[PDB]
């Protein structure tokens, strides 16, 4: 940067140009981008100046007051500013009514998925995500904690149904485009299962010697590197689809699992976890019986986790009277290697 002073830590501190969470007095969430010298409207609850909240820690509640844009002070109406965690993104999507878009998943089910899958900073994980990238976001946050400068080398490889992946939720994530291209690889089902051969690729392009390519300039240099980026995309597919074995498989898709999971598991190393999320238990039941017949899978189990919060007021403790149903199910098992 161009300031002599140390920058603000966006993981601990409200900072310019970050997407952050705002909790309203009605307790629903909003996502707000903090562009400098702009104002933010909370409708009924007033409006405020972005500049006036920068530099504070997350977790604070601010009061908007007037002497229409108001002034802010710490609450002695109001709002609370939070980091945009994987949990808060999920809650925001539920508040705005997108519960079917996220396949009815809950914080506790996704929390359990992360640990059943043994997700770690250095692992290379195979992933299907039909949610617009919410599952990929849970992974990345657990692996890297929002840290664009992380030295860890873990990767999420996303296999997807259409020509391009839908990972739009990552637009909220505060990861740089460089970080994302280094830790997230996308590849279609077709490229993954029927990849191009090297011969096929080279017969459309073979690089110039790098001395010659370096000496290119003008439109010829741009013309060539555009072909070279296509070449590298194809090369990456070769790397991802060869005899490369992955460290785990996590899935949140509504494709037919019994006919899909065994094919995906061919690329998973022995002893690694497989976790399939499903909104409906019957779906996973069918999968589990299928996997029972296949000795490459150890003891498939259907798990359920449900959270019930309490009204947490001293002298009036009881669980919440009503709440949302659902939250889905996990199928957990381990890839194993049968004996001859």
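Residue numbers count along the first chain shown, from 1.
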Worksheet entry | residue 76-residue 77 interval: deposited residues absent from the model | 10 or more
Item to complete: Could you check which stretch, 166-174 or 132-140, carries the larger mean CA temperature factor in the entry?
Response: 166-174
Worksheet item: Comparing 147-155 with 195-203, which stretch shows the greater average C-alpha B-factor in the deposited entry?
Response: 195-203
Worksheet item: Between 123, 219, 111, 270, which carries the biggest CA temperature factor in the record?
Response: 219
Worksheet item: So among 117, 252, 93, 228, who wins on Cα B-factor in the entry?
Response: 228
Worksheet item: Where does residue 246 sit by CA temperature factor within its chain: lowest, middle or highest third?
Response: middle
Fill in: CA B-factor ranking of residue 337, expressed as a third of its chain
middle
Worksheet item: Taking the C-alpha B-factors as the PDB entry records them, is residue 213 in the lowest, middle or highest third of its chain?
Response: highest
Worksheet, complete the sentence: Binned into thirds over the chain's modelled residues, the C-alpha B-factor of residue 30 lands in the middle
Item to complete: Divide the modelled residues of the chain into thirds by Cα B-factor and specify which third, lowest, middle or highest, holds residue 62.
Response: middle
